[PDB]
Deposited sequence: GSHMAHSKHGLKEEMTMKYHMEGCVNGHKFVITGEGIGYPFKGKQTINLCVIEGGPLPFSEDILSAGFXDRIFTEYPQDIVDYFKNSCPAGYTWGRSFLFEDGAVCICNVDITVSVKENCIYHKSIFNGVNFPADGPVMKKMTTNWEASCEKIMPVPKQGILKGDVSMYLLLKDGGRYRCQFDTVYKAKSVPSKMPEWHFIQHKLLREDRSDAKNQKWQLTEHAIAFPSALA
């Protein structure tokens, strides 16, 4: 349905520039859109090794990978196979700001999902936990998703926390807009999406590489 099988293959292309550093990453993955799990492998093909932590990029590389229950309209899967676009701002507690823009499309032939990402940040402190690579993982989150009735789009709101190697937290505010390419027939009532996102660095002598795994579920307001 909507050009999607239970198991799918996926591909990523990030162009970024963080604190003045330009880089370029590409990746491949195997996801399960209906179970809302995915797993992708990324490899830096310019600007390696990155002067900053891998974690700020995690959210840059898809709400299609989110288990919806029957009774909540699945905006993202609905928008397929044409797909959708989002833009997102990141505000970190220590004054840095990243913006990310993404264009997602499905190739029904390939049974593959294409991501094309623009990612830019500034004013990370040189001796801060990002630029000094002090971060372990984003902590599990509960994102609020809300319709915007007359624009035909969705709004993402979530206060994220990056876990630092000493045990502390590094707060970021994500505010996403999600916008399907087609005019959506049916629109969701607001709900929640919980996320659990992991990273293992798999770097080596030649390339910088790591793997992400996400699991995302939508839930209602319930109670």
Map the modelled residues onto the deposited sequence and report the uncovered stretches in sequence order. 1 to 7, 69, 232
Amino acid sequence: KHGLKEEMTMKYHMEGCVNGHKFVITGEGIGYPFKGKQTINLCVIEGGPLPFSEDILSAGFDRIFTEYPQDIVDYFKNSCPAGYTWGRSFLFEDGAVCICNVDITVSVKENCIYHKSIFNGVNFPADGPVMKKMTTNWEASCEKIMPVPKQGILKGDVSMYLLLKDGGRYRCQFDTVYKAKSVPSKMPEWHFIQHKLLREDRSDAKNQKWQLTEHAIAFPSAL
From here on, numbers count along this sequence of modelled residues.
Between 82 to 90 and 106 to 114, the record assigns the higher mean Cα B factor to 106 to 114
Quick note on 152 to 160 and 41 to 49: per-entry mean CA temperature factor is higher in 41 to 49
Selection from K165, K179, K196, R171 [criterion: highest C-alpha temperature factor in the record]: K165
Should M134 be placed in the lowest, middle or highest third of its chain by the C-alpha B factor in the entry? highest
Compared with the other modelled residues in the chain, in which third is the CA B-factor of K35? middle
Taking the entry's C-alpha B-factors for this chain, is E143 in the lowest, middle or highest third? lowest
Among all modelled residues of this chain, ranked by Cα B factor, put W190 in the bottom, middle or top third, i.e. lowest, middle or highest. lowest
Based on the entry's values, in what third of the chain does the Cα temperature factor of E67 lie: lowest, middle or highest? middle
